[PDB]
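Engineer: Here you go, work06.pdb (PDB, C-alpha atoms):
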```pdb
ATOM      1  CA  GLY Q 158      10.639  69.515 -79.609  1.00  0.00           C
ATOM      2  CA  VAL Q 159      10.018  68.732 -83.263  1.00  0.00           C
ATOM      3  CA  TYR Q 160       8.421  70.709 -86.122  1.00  0.00           C
ATOM      4  CA  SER Q 161       9.199  74.361 -85.468  1.00  0.00           C
ATOM      5  CA  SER Q 162       7.416  75.080 -88.779  1.00  0.00           C
ATOM      6  CA  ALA Q 163       4.471  73.353 -90.453  1.00  0.00           C
ATOM      7  CA  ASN Q 164       1.742  74.586 -92.774  1.00  0.00           C
ATOM      8  CA  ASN Q 165      -1.211  73.468 -94.911  1.00  0.00           C
ATOM      9  CA  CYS Q 166      -2.535  71.179 -92.180  1.00  0.00           C
ATOM     10  CA  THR Q 167      -5.342  68.994 -93.485  1.00  0.00           C
ATOM     11  CA  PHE Q 168      -5.983  66.363 -90.811  1.00  0.00           C
ATOM     12  CA  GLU Q 169      -6.012  65.937 -87.030  1.00  0.00           C
ATOM     13  CA  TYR Q 170      -7.144  62.960 -84.957  1.00  0.00           C
ATOM     14  CA  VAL Q 171      -6.784  62.363 -81.224  1.00  0.00           C
ATOM     15  CA  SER Q 172      -7.571  59.157 -79.353  1.00  0.00           C
ATOM     16  CA  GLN Q 173      -6.352  57.270 -76.304  1.00  0.00           C
ATOM     17  CA  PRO Q 174      -2.609  56.444 -76.644  1.00  0.00           C
ATOM     18  CA  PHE Q 175      -1.630  53.625 -78.989  1.00  0.00           C
ATOM     19  CA  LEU Q 176       0.936  52.496 -76.388  1.00  0.00           C
ATOM     20  CA  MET Q 177      -1.415  52.751 -73.363  1.00  0.00           C
ATOM     21  CA  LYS Q 187       7.179  44.910 -70.955  1.00  0.00           C
ATOM     22  CA  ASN Q 188       4.681  45.060 -73.844  1.00  0.00           C
ATOM     23  CA  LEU Q 189       5.787  43.968 -77.318  1.00  0.00           C
ATOM     24  CA  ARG Q 190       3.867  46.817 -79.051  1.00  0.00           C
ATOM     25  CA  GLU Q 191       3.144  45.049 -82.346  1.00  0.00           C
ATOM     26  CA  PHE Q 192       1.830  47.358 -85.079  1.00  0.00           C
ATOM     27  CA  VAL Q 193       0.883  47.004 -88.741  1.00  0.00           C
ATOM     28  CA  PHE Q 194       0.798  50.176 -90.863  1.00  0.00           C
ATOM     29  CA  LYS Q 195      -0.987  49.719 -94.207  1.00  0.00           C
ATOM     30  CA  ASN Q 196      -2.029  52.367 -96.774  1.00  0.00           C
ATOM     31  CA  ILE Q 197      -4.751  51.341 -99.269  1.00  0.00           C
ATOM     32  CA  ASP Q 198      -6.818  53.622-101.560  1.00  0.00           C
ATOM     33  CA  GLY Q 199      -5.861  56.603 -99.414  1.00  0.00           C
ATOM     34  CA  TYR Q 200      -6.785  55.012 -96.068  1.00  0.00           C
ATOM     35  CA  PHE Q 201      -4.054  54.553 -93.482  1.00  0.00           C
ATOM     36  CA  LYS Q 202      -4.982  51.457 -91.493  1.00  0.00           C
ATOM     37  CA  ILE Q 203      -3.266  50.814 -88.160  1.00  0.00           C
ATOM     38  CA  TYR Q 204      -3.559  47.483 -86.325  1.00  0.00           C
ATOM     39  CA  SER Q 205      -1.902  46.584 -83.037  1.00  0.00           C
ATOM     40  CA  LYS Q 206      -1.454  44.265 -80.062  1.00  0.00           C
ATOM     41  CA  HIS Q 207       0.204  44.891 -76.686  1.00  0.00           C
TER      42      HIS Q 207
ATOM     43  CA  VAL I 510     -22.656  86.601 -97.630  1.00  0.00           C
ATOM     44  CA  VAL I 511     -21.201  83.088 -97.368  1.00  0.00           C
ATOM     45  CA  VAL I 512     -20.161  81.091-100.453  1.00  0.00           C
ATOM     46  CA  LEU I 513     -19.995  77.305-100.040  1.00  0.00           C
ATOM     47  CA  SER I 514     -17.610  75.859-102.654  1.00  0.00           C
ATOM     48  CA  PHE I 515     -17.595  72.061-103.053  1.00  0.00           C
ATOM     49  CA  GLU I 516     -14.206  70.716-104.241  1.00  0.00           C
ATOM     50  CA  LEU I 517     -14.495  66.981-105.000  1.00  0.00           C
ATOM     51  CA  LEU I 518     -11.066  65.312-104.985  1.00  0.00           C
ATOM     52  CA  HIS I 519      -9.961  61.744-105.585  1.00  0.00           C
ATOM     53  CA  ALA I 520      -8.677  61.730-101.991  1.00  0.00           C
ATOM     54  CA  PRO I 521     -10.673  59.683 -99.458  1.00  0.00           C
ATOM     55  CA  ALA I 522     -13.052  61.549 -97.214  1.00  0.00           C
ATOM     56  CA  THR I 523     -15.992  61.117 -94.895  1.00  0.00           C
ATOM     57  CA  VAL I 524     -19.350  61.128 -96.645  1.00  0.00           C
ATOM     58  CA  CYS I 525     -20.974  64.165 -95.076  1.00  0.00           C
ATOM     59  CA  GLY I 526     -24.700  64.192 -94.486  1.00  0.00           C
ATOM     60  CA  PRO I 527     -27.447  63.772 -91.873  1.00  0.00           C
ATOM     61  CA  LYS I 528     -28.008  60.064 -92.468  1.00  0.00           C
ATOM     62  CA  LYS I 529     -31.271  59.179 -90.759  1.00  0.00           C
ATOM     63  CA  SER I 530     -32.227  56.056 -88.839  1.00  0.00           C
ATOM     64  CA  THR I 531     -35.531  54.389 -87.984  1.00  0.00           C
ATOM     65  CA  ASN I 532     -36.524  52.508 -84.861  1.00  0.00           C
ATOM     66  CA  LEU I 533     -35.298  48.939 -84.495  1.00  0.00           C
ATOM     67  CA  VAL I 534     -37.985  46.236 -84.805  1.00  0.00           C
ATOM     68  CA  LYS I 535     -37.275  42.667 -83.674  1.00  0.00           C
ATOM     69  CA  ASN I 536     -38.919  39.306 -84.414  1.00  0.00           C
ATOM     70  CA  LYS I 537     -40.564  40.431 -87.688  1.00  0.00           C
ATOM     71  CA  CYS I 538     -39.750  39.994 -91.375  1.00  0.00           C
ATOM     72  CA  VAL I 539     -38.372  43.364 -92.469  1.00  0.00           C
ATOM     73  CA  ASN I 540     -36.108  44.903 -95.040  1.00  0.00           C
ATOM     74  CA  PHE I 541     -33.057  46.538 -93.544  1.00  0.00           C
ATOM     75  CA  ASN I 542     -29.990  48.709 -94.095  1.00  0.00           C
ATOM     76  CA  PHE I 543     -27.360  48.498 -91.298  1.00  0.00           C
ATOM     77  CA  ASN I 544     -24.572  51.036 -91.958  1.00  0.00           C
ATOM     78  CA  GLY I 545     -24.640  50.270 -95.690  1.00  0.00           C
ATOM     79  CA  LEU I 546     -25.383  46.528 -95.440  1.00  0.00           C
ATOM     80  CA  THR I 547     -28.774  45.831 -97.004  1.00  0.00           C
ATOM     81  CA  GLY I 548     -31.018  42.807 -97.102  1.00  0.00           C
ATOM     82  CA  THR I 549     -34.280  41.181 -96.046  1.00  0.00           C
ATOM     83  CA  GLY I 550     -34.771  39.034 -92.969  1.00  0.00           C
ATOM     84  CA  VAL I 551     -35.906  38.608 -89.377  1.00  0.00           C
ATOM     85  CA  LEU I 552     -33.745  40.299 -86.728  1.00  0.00           C
ATOM     86  CA  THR I 553     -33.566  38.553 -83.350  1.00  0.00           C
ATOM     87  CA  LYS I 554     -31.310  38.854 -80.311  1.00  0.00           C
ATOM     88  CA  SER I 555     -28.051  37.022 -80.951  1.00  0.00           C
ATOM     89  CA  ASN I 556     -25.962  35.097 -78.437  1.00  0.00           C
ATOM     90  CA  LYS I 557     -22.845  35.622 -80.576  1.00  0.00           C
ATOM     91  CA  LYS I 558     -19.986  37.564 -78.987  1.00  0.00           C
ATOM     92  CA  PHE I 559     -18.388  39.942 -81.470  1.00  0.00           C
TER      93      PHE I 559
END
```
Have the structure of the file written as structure tokens, please.

Structural biologist:
Amino acid sequence: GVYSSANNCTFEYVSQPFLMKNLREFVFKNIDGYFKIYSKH
Amino acid sequence: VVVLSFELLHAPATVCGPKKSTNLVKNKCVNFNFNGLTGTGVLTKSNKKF
């Protein structure tokens, strides 16, 4: 496991898996506070 | 007693509020606002595949 300690949690999001042989291309961009994730499998 | 404190930061956030909608009318000249996009025109069924 990872993160035995964490505090001051401000955000949580859950969605179907990003990953679900496949190339798993991702682009991670961060503009004006928004974290934009693009992908192709 | 509940105190609602509104702390406006420069950080991005969802705009919170009960945004209301009207019924959709087709084949007439209307003004419109679709999720922030505004204009005037006639809305018809499209064959475009988004």

Engineer: Please measure the separation of atom CA of residue 519 of chain I and atom CA of residue 201 of chain Q, giving the value in Å to one decimal.

Structural biologist: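 A separation of 15.3 Å between them.
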
Engineer: Find the residues around residue 539 of chain I up to 7 Å (all atoms listed in the file counted), leave out those fewer than 3 positions away in its own chain, and share them as a PyMOL selection string.

Structural biologist: chain I and resi 549-551

Engineer: Convert the output of the PyMOL selection byres ((chain Q and resi 189-191) around 12) on the shown file into explicit residues, formatted as JSON, numbers by chain.

Structural biologist: {"Q": [174, 175, 176, 177, 187, 188, 192, 193, 194, 203, 204, 205, 206, 207]}

Engineer: For the interface of chain I with chain Q (cut-off 10 Å, counting all atoms listed in the file), please tabulate each contacting residue of chain I alongside its nearest pair of atoms and their separation in Å to one decimal, rows sorted by chain and increasing number, as a tab-separated table.

Structural biologist:
```
residue	atom	partner	partner_atom	distance
I:519	CA	Q:199	CA	9.0
I:520	CA	Q:199	CA	6.4
I:521	CA	Q:199	CA	5.7
I:522	CA	Q:199	CA	9.0
```

Engineer: Starting from the PyMOL selection byres ((chain I and resi 537) around 12), expand the selection into actual residues of this file and give them as a ChimeraX atom specification.

Structural biologist: /I:533-536,538-541,549-554
